[PDB]
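Here's the structure we're looking at; comments come further down.
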Amino acid sequence: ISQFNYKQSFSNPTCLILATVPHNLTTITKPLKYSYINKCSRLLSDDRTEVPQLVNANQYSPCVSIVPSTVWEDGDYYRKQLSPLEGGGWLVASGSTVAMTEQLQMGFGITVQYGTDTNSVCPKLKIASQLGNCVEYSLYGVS
Amino acid sequence: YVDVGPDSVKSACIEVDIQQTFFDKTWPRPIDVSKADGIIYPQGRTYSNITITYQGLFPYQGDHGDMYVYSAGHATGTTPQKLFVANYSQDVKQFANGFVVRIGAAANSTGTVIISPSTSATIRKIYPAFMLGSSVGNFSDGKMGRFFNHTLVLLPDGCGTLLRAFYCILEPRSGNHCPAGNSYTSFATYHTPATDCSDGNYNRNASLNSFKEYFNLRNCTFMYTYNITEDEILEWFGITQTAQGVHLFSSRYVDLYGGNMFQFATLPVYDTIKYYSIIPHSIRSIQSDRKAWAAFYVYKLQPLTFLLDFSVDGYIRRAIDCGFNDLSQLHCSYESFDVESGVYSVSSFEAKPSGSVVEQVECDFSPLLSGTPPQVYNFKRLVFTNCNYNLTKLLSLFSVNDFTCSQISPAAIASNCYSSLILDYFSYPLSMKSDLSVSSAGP
Amino acid sequence: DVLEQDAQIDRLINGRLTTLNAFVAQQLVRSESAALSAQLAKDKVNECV
Amino acid sequence: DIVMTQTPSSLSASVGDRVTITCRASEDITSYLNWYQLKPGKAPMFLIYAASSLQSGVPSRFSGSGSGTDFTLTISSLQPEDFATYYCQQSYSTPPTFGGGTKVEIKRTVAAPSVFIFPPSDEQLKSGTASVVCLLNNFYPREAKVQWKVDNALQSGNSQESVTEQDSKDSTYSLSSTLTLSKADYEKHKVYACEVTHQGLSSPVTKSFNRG
Amino acid sequence: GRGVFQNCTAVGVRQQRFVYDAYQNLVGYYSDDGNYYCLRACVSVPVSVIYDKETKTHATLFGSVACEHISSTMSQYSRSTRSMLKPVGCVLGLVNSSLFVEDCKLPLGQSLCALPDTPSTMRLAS
Amino acid sequence: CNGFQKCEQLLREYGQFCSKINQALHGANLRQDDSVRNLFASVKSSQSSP
Amino acid sequence: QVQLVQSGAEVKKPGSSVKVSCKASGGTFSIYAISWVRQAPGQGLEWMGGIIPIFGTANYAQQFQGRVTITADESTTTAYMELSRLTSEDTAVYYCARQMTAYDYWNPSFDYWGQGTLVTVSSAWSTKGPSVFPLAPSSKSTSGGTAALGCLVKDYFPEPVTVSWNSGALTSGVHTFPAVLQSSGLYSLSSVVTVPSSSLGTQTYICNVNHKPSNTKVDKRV
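Chains as they are written, first to last, in the working numbering: chain P, 106 to 248; chain W, 234 to 676; chain Z, 51 to 99; chain G, 455 to 666; chain A, 2 to 127; chain F, 1201 to 1250; chain E, 13 to 234.
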């Protein structure tokens, strides 16, 4: 799953949260089975050798498009002939299926951008205003 | 997934003509860092007076780029009805990341309408249309430019006073002059001046009318509309495909005069788009009222380190591409636009490889796959020497439950050339597969 | 592999950086010593020669 | 794309006879039709531009009439120069489609065809290909049907039809039909005949030659 | 590894096909199986930027000798300014700057070599 | 840095350190040139018999 | 006045590019638009492309797009048409027709037309001397007073060819039949002459066939 599905960008702060809500998420539907891409590979036109393509960090793999949103069965293989612009050859995607748990479990990867200056994400809460020309800039995102 | 307008209805696509020779006359537009043309502008922080070097997606200096020009309709003298389009639909190209577009480079200038070279019409403001998509395939007719993958379409409306961004997959239409239909010359967009651009009236339905004839849009997960000032002068438009999604950058809002680019809007697309396709747009008009419009120029975006000069006004009027010149490399190093006269060492030339020379029976893996396998403690080791080995076939023969390579690349083991090959085979439990390691705390 | 290569290249470039930092420092010490020697040479030419 | 169809593929009229030609249009062509006169061995000549105005250097007898879907070309008096192919092309659309064409035939004289059959010479027999020539001469109607019966069996494909250009003195046509047979096929056959049915001819005449 | 082979005298026991010289770099002895051929390391030309701020004129310089073999805009040399490149008498290098050097000229100027002196008006003083 | 492009991108993060080292060496070479000029100037300016 | 001169008729093998040249004499070559239109039997006249020399931009029919290149040279005042991947369907007579209006390619009226150039495709076929087959005089051949005999030119390639009777002495009763394509692909034409049987006895009717490409002249008794 880290190698061919979701990989957090190391440069951004990385957080992984795994959580299950049994009754709170009534609106959320139950997927038939959890689906992940086991192996993603690209086949050369000669067919002498096939080279696997690892997923880029936080990216949608080209092989992902051939795979349906939910993999039909474990070990399923999806093959398409590549266009001449795509360089020819075939694209092979392998996916596995895990039976849905009684209570849905969802994994969350959170990266908080400390890059740009236009905006800020914080919690909520005259002291806080400009009557305090003494110490402490404490602004939207920079304290 | 809601649709603003009704689906198949009205009439089939108007007859269209491809005239590539008339198009692509070519007017040189090199992008210049010194005039700060096309500069992305660091979205992070801001600087006044201070000059700093920042690494970000940036266009290379001196890049002419790709020029696409829209043209008027066939304009039969009796009837303005009838349309013609360029081959930009079959001009799909692949961009690794990022997009830069220059619009209205020479607006309000003497020009000749593309449809009739003899006819001359003053250059007028116009807005580009594109349908970026990850995968490109041949059409049923066999013409290149059919996107199986989900696509985002940007379409100007009301003579470019409005812009529409919709994430809808295109679907071919059986009607003649349409993609599913046979004998269809090209796929593009059409506009009507009488209703869409009537004075005091702008039609949002103009985008729907183009969809009504050319193609049916499906799975419209995201639909967005942005107003356009359309004052007169035109600046730059930028699309960046970040991991989170596509980002829309509009130069006019932050500074109409400056030409600096800022991120006006954000659109969330999980899919990463690899191919960019331009949809030709043509407006039918009478020969007397034929309109000529400025060409829009497309530039590639590449990660580059750029020295940026920030004015007291806080707008970058000057930039340096460190990669472009040896003097530019010196300017980037010093971090100063001007350097005192001197002789300075710079990166040396490197030889280009030519006249390749290769120095190079069949290692047998049959004992490993034959007989009764040994227990893990009593491992069996096979040594291969003086033989050429193909490891790709071995990997195909046996599915690998766990693959871990230490101090070596998994791809490298198959093709690397070395003194000798060592192979081992033993029986391993799935439960103890986790326990097995090159080094482990477990005994 | 990309992960192994990133670590190996980063270690090599960091290790090379320390060696040139030592090299520039030694060159600066030698250049200062040469400048003092050049002043002595001027004096030798001015007086003995 | 607009398609233009000419109502008369061919017509026959004497000199001094009014000729009317009708052009049919799939789509409206208000006033965008061009008429071209083609005579074999020379370039086609412009006659009417827009189907409303006579081209300069073109005789007054040629006339342009009609609008939109229906257009008409009228010649007040037929002339020897007038007996040439006529084409109507739409100027409304970017790809122009020419008309099927109109052919004019002189009716000055009507002549019944003369039919003769000639056996192949010895060199044809030695070559291995034997051609029998059936000649039809002086037939005023252009339309004619020629069939070959050998041993009371019809022949097709091997038979070919070649016709001379109009004499223009009697307005008559001369046609030669050649039948080709392999030496084994030709030798076994004893009867070779060409049977022709002609509109001008009162009764179909068959010319038959016995082998040897 | 990049290598150039020229005829050389046979050296080494011949038990191993590789000869090294106190370093990971390889002498590449006997590159040809049939005959001994000494290998060579990658060969490159240095570039020096001669620039005058007021003149705003830039020049290209080479090390030791460039007149005998190297040529302007050579296909073999991959990196010049990392984008585009930028015919004179042989000296310390084949300067892109031309005009050439007069036998007698003012001594004071931008540092360069034993005889070449760099002025401003591109010029090559001696 | 190695000749490979991948090293050059990694070099960009540490590029400022490399630029400072190059500038320091450039200062040293210019100082050596100035010292050489001063030495020879002191020997010169004396009338010489042929 | 503008005079349009087409190139001499040429035969080009399939898969070989063919160039057809039309030369304009007098008038203004640059302002006028020259459009190439071809006549194919059973297909009629079809416009292929239209070009204006000063602009240098050539419109092309969608079906012919990517197969036809049209270039006009101001110095020679000549319009050149290039066709590739020639096929039996492609073979046609090409006419250079100049629009009376200088511009307006979309609405086209042609005041002047070229004489035309005919191009044919040859597959594994080469020019060779023609075989002439005379018609033997016989009772079947003789009809009443006049017996008609003709020499059939056969196995000839390139050029219409010239056939004369009695070395051109006999120009009366001669019938000329158009050359036709055999399975061999060599053109064959018939030249029957209607003459009295008594005249055939009194005068020897030799038939002369001249082949321009092979430069061979053959005279034989018919």
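Heads up, the beta-carbon is just placed ideally off N, CA and C, and yes, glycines get one too.
If the cut is a Cβ gap below 7 Å, which residues of chain A does residue i touch?
{"i": "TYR532 (chain W)", "result": "Those within 7 Å of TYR532 (chain W) in chain A number zero; the least Cβ separation is about 15 Å."}
Would a check of beta-carbon distances place residue i closer than 8 Å to chain Z?
{"i": "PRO412 (chain W)", "result": "no"}
{"i": "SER1242 (chain F)", "result": "yes"}
{"i": "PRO643 (chain W)", "result": "yes"}
Residue i versus chain E: which residues are under 7 Å apart at the beta carbon?
{"i": "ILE571 (chain G)", "result": "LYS152"}
{"i": "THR254 (chain W)", "result": "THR69, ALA70"}
Using the beta-carbon count (16 or more within 10 Å), is residue i buried or exposed?
{"i": "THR384 (chain W)", "result": "buried"}
{"i": "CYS542 (chain G)", "result": "buried"}
{"i": "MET85 (chain A)", "result": "exposed"}
{"i": "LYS135 (chain P)", "result": "exposed"}
{"i": "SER349 (chain W)", "result": "buried"}
{"i": "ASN382 (chain W)", "result": "buried"}
{"i": "residue 97 (chain P)", "result": "Only positions 106 to 248 of chain P appear in the structure, and residue 97 (chain P) is not among them; the question remains open."}
{"i": "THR125 (chain P)", "result": "exposed"}
{"i": "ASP554 (chain W)", "result": "buried"}
{"i": "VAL616 (chain W)", "result": "exposed"}
Tell me, please, whether the CB atom of residue i is closer than 8 Å to any CB atom in chain E?
{"i": "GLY310 (chain W)", "result": "yes"}
{"i": "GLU577 (chain G)", "result": "yes"}
{"i": "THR394 (chain W)", "result": "no"}
{"i": "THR473 (chain W)", "result": "no"}
{"i": "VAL473 (chain G)", "result": "no"}
Is there a C-beta anywhere in chain G that falls below 8 Å from the one on residue i?
{"i": "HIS307 (chain W)", "result": "yes"}
{"i": "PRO120 (chain E)", "result": "yes"}
{"i": "residue 4 (chain E)", "result": "No answer is possible for residue 4 (chain E): it lies beyond the span of chain E, which begins at 13 and ends at 234."}
Beta-carbon of residue i versus every beta-carbon of chain W: anything under 8 Å?
{"i": "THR154 (chain P)", "result": "yes"}
{"i": "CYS43 (chain A)", "result": "yes"}
{"i": "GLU54 (chain Z)", "result": "yes"}
{"i": "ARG1231 (chain F)", "result": "no"}
{"i": "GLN77 (chain E)", "result": "yes"}
{"i": "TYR183 (chain P)", "result": "no"}
{"i": "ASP51 (chain Z)", "result": "yes"}
{"i": "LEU62 (chain A)", "result": "yes"}
Identify, in the order they occur along the chain, each residue of the same chain with its Cβ nearer than 7 Å to the Cβ of residue i, setting aside the five sequence neighbours on each side.
{"i": "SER521 (chain G)", "result": "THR484, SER485"}
{"i": "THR259 (chain W)", "result": "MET300"}
{"i": "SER28 (chain E)", "result": "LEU98"}
Considering only their Cβ atoms, is the gap separating residue j from residue i smaller than 8 Å?
{"i": "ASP324 (chain W)", "j": "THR548 (chain G)", "result": "no"}
{"i": "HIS410 (chain W)", "j": "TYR400 (chain W)", "result": "no"}
{"i": "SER127 (chain A)", "j": "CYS105 (chain A)", "result": "yes"}
{"i": "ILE516 (chain W)", "j": "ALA305 (chain W)", "result": "yes"}
{"i": "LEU601 (chain W)", "j": "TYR658 (chain W)", "result": "yes"}
Starting from the C-beta of residue i, find all residues in its chain whose C-beta is less than 6 Å away, skip the five residues before and the five after it, and write them out in chain order.
{"i": "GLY78 (chain E)", "result": "none"}
{"i": "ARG110 (chain E)", "result": "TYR44, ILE46, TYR124"}
{"i": "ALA160 (chain E)", "result": "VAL204, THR206"}
{"i": "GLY471 (chain W)", "result": "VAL333, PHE482, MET494"}
{"i": "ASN591 (chain G)", "result": "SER568, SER628"}
Got a sec: is the Cβ-Cβ distance from residue i to anything in chain P below 8 Å?
{"i": "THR352 (chain W)", "result": "no"}
For a contact meaning CB atoms closer than 8 Å, what does residue i contact in chain W?
{"i": "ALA162 (chain P)", "result": "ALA476"}
Using a Cβ cut-off of 8 Å, pull out every chain Z residue sitting near residue i, in sequence order please.
{"i": "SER1235 (chain F)", "result": "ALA84, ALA85, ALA88"}
Note down, in chain order, every chain W residue with its Cβ under 7 Å from the Cβ of residue i.
{"i": "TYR115 (chain E)", "result": "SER349, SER351"}
Counting only C-beta atoms, is residue i closer than 8 Å to chain C at any point?
{"i": "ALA57 (chain Z)", "result": "Here the protein chains are P, W, Z, G, A, F and E, and chain C is not one of them."}
In chain G, which residues lie with their C-beta within 8 Å of the C-beta of residue i?
{"i": "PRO190 (chain E)", "result": "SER616, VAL617"}
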